[PDB]
Amino acid sequence: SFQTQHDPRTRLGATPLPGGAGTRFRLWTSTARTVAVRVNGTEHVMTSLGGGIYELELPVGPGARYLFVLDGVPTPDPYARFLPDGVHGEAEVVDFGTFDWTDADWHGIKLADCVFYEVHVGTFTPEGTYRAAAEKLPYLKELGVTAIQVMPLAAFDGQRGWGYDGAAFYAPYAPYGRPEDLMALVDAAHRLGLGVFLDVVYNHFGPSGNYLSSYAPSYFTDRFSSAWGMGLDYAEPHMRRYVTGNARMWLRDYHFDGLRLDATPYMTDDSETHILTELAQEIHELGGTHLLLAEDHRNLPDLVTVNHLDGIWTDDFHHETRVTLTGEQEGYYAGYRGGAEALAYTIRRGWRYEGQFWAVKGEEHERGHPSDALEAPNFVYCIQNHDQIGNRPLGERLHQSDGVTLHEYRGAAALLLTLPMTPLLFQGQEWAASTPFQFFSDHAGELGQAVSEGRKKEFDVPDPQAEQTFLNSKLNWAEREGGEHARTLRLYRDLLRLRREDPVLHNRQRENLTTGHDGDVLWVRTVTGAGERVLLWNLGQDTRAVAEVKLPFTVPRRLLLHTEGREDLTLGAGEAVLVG
Ligand SMILES: OC[C@H]1O[C@H](O[C@H]2O[C@H](CO)[C@@H](O)[C@H](O)[C@H]2O)[C@H](O)[C@@H](O)[C@@H]1O
Ligand SMILES: OC[C@H]1O[C@H](O[C@H]2O[C@H](CO)[C@@H](O)[C@H](O)[C@H]2O)[C@H](O)[C@@H](O)[C@@H]1O
Ligand SMILES: OC[C@H]1O[C@@H](O)[C@H](O)[C@@H](O)[C@@H]1O
Ligand SMILES: [Mg+2]
């Protein structure tokens, strides 16, 4: 008996009418005295309905260009479905009923079956478009990933960016392609049996192109701020519906299988029903199998058990792994010792911090909560993602950091891809890509100069505003064909096949997973009715024979996969083996 707050009849923005009657334009404003829509260059006064709601129906169709005129000021539509001239331009009327979907036999994907592959549309291919990305779908299918995780697509200012400066949340970023190009990508993925997930940013709007305050200051509050402006006021129902209507668009109209909510700790809301719970309600009302994941650092199980999200990106595993391999201690890395015994504990507990003091300078508090309620798929683990590469001064990848060998990098992949937690890979990880993933942007005027200045001060650091920084982050596909890149890719293919085929690795219960260590050797054991597997990873500097590892059980005898393809059960420095 939850009832959606959304009715297509009353949808804000421009919505095609039935019977070829045209388009219904609607907006909410708390402050404008005169309100008009300017369609294909001609102004038309809109009808006041009360409650600050204004509406007009005209016989224009999909493809018509428009914006709203508030007290005589031409203002983009925050509910724009497409912005062909960018975030300060006219919107285009879009009809979601015109695309010929062929994915009727696709029925979504369960979290326990996801292996995510994080794509940044702009850098994933030379062209940096959806159409070019769709051409790599057969590669990803054969690689053995099962869900693409796309970085944010909401329109932002400039000709490249990561996506976190999105300002028009309903409008896919025009340089990547038109709406039907996005639909084509999703339909192609579904035809190959791949899920597609979208990163969405409901904690802030970017600095350029967010016109919501021009309509009603009360979308936002001064009670708290975001990175870019005033905080999003989730006590205001129109603000709540801006983001729940957006989530429903992506899932229903673009056929995404799920959403990754950026920075959920910063979605502040003191309402009786928290906005995260209402999002889950609103997406579930669609009657599909869509998932919601939270990017959340609080180690808070209530995201799943109270807000009814499906899982959480949980960085403790990533951080413990990077410190193990590099020894680094700057910033939040100071929260971790690293090492076999540390990694065994973090895996056992799902996350490390369950209420203990977080001693990181400038951040000290009792961090986290007991993870007992969560099951293995609820934790999303990685050793690389956009932030854990791009937030480094030079954007270098894990195998490119000082002191990391390709053998250790290959071992880390084995640990990630045999655990029952839900893994995520970053584009190009699988072939130990040679290119960095740096922070790049393309803001105009003084804002652009401020970004460049802010990056320099925070940490030669590549200028985010420079074209070269974007281009240096482009994937080089040809390199995967040779050398150590090809060797790494063969290993990733082998690991993903094992994950898919091995009956014991199908385990998704923490009850069946144990971990421990002997010196610098980590072991992870899975036991189910199908048998036993043990992953051993030598995190030492020396060679270790499997026979000589002290274990509280009898080690399995059969060598299933060795990360350096050795015939004997011996581990060189940084190497791993799976036995059964
Ligand atoms: O303050 C947030 C919540 O804290 C508790 O819930 C966490 O800790 C419990 C045991 O301390 C776990 O059982 C639970 O799964 C965790 O989310 C508290 O029990 C909740 O009511 C609070 O909302
Ligand atoms: O060598 C001095 C450091 O020794 C320890 O750090 C090493 O050993 C950890 C496992 O105990 C690894 O995770 C880490 O990468 C190594 O650098 C110690 O923890 C450090 O505080 C010392 O500076
Ligand atoms: O991963 C733990 C870290 O999460 C970050 O994204 C938080 O902003 C930071 O303050 C914390 O140290
Ligand atoms: Mg020992």
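For the numbers below, each heavy atom of this structure counts, side chains included, while hydrogens, waters and symmetry mates do not. Numbers here are sequence positions counted from 1. Counting starts at 1 for both ligands and their atoms, following the listed order.
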Heavy atom of the protein closest to atom 19 (O) of ligand 2 (residue, atom name, distance): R337 CG, 4.2 Å

Is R566 salt-bridged to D568, cutoff N-O under 4.0 Å? no

Could you identify the single nearest non-hydrogen protein atom to atom 8 (O) of ligand 1 and state the distance to 0.1 Å? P370 CD, 3.6 Å

Atom 23 (O) of ligand 2 within contact range, any protein heavy atom under 4.0 Å: no

For ligand 1, which part of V306 has a heavy atom less than 4.0 Å away: the side chain, the backbone, both, or neither? neither

Taking the inter-plane angle between the rings of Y176 and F156 on a 0 to 90° scale, is it parallel (under 30°), tilted (30 to 60°) or perpendicular (over 60°)? perpendicular

With atoms numbered from 1 as shown, which atoms in ligand 2 lie under 4.0 angstrom from a non-hydrogen atom of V323? 13 (O), 14 (C), 15 (O)

Is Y173 reaching over with its side chain to a backbone N or O of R160, donor-acceptor style, under 3.5 angstrom? yes

Among all protein non-hydrogen atoms, which one is nearest to atom 8 (O) of ligand 3, and what is the separation to 0.1 Å? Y266 OH, 4.0 Å

Using the side-chain contact (heavy atoms from CB on, under 4.5 Å) definition, which of the options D199, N203, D387 pairs with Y164? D199

Atom pair CG (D494) and OG1 (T563), whose distance is rounded to the nearest 0.5 Å: 11.0 Å

May I ask you to list the atoms of ligand 3 that are less than 4.0 angstrom from any heavy atom of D315? 1 (O)

Taking only heavy atoms of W358 into account, list the atoms of ligand 3 that are under 4.0 Å away from them. 12 (O)

Return yes when at least one protein heavy atom is under 4.0 Å from atom 2 (C) of ligand 1, and no when none is. yes

Do me a favour and list the nearest non-hydrogen protein atom to atom 14 (C) of ligand 1 with residue, atom name and distance? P301 CG, 4.0 Å

Return the residue, atom name and 0.1 Å-rounded distance of the protein heavy atom closest to atom 11 (C) of ligand 3. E363 OE1, 3.6 Å

Judged by atom type as modelled, is there a donor-acceptor pair below 3.5 Å linking the side chain of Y353 to the main-chain atoms of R367? no

Atoms in ligand 1 flagged as close to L300, the criterion being non-hydrogen separation under 4.0 Å: 2 (C)

Quick one: which ligand 2 atoms are inside 4.0 Å of a heavy atom on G327? 14 (C), 15 (O), 17 (O)

Hey, what do you get for OG1 (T418) to CG (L535), rounding to the nearest 0.5 Å? 4.5 Å

Which is it for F437 and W162 under the ring pair (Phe, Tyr, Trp, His ring centres under 6.0 Å) test, yes or no, and what are the steps along the way? CA-CA 10 Å; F437 186 76; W162 280 16; 5.3 Å; yes

Starting from atom 5 (C) of ligand 3, locate the nearest protein heavy atom and write down its residue, its atom name and how far away it is, to 0.1 Å. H297 CD2, 4.2 Å

At a 4.0 Å threshold, what atoms of ligand 2 neighbour a non-hydrogen atom of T324? 13 (O), 15 (O)

Determine, counting only non-hydrogen atoms of the protein, whether one lies under 4.0 angstrom from atom 11 (O) of ligand 2. yes

Distance-only polar pair, side chains of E118 and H386, donor-acceptor under 3.5 Å: yes

Between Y333 and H318, what is the ring plane arrangement, given parallel below 30°, perpendicular above 60°, and tilted in between? tilted

Looking only at distance, does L325 have an N or O less than 3.5 Å from an N or O of ligand 2? no

Looking only at protein heavy atoms, identify the closest one to atom 6 (O) of ligand 1 and say how far it is in Å. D302 OD1, 3.8 Å

Among all the protein's heavy atoms, is there at least one whose distance to atom 17 (O) of ligand 2 comes out below 4.0 Å? yes

Under 4.0 Å between a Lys/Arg side-chain N and an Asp/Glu carboxylate O for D372 and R349? yes

Is the contact between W313 and ligand 3 made by the side chain, the backbone, both, or neither, using heavy atoms and a 4.0 Å cut-off? neither

May I ask you to identify the nearest protein heavy atom to atom 1 (O) of ligand 3, giving residue, atom name and distance to one decimal place in Å? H319 NE2, 3.0 Å

Taking the six-membered ring for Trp, are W523 and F553 closer than 6.0 Å centroid to centroid? yes

The protein heavy atom nearest to atom 5 (C) of ligand 1 is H369 CD2, 4.4 Å

Would you call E484-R410 a salt bridge at under 4.0 Å N-O? yes

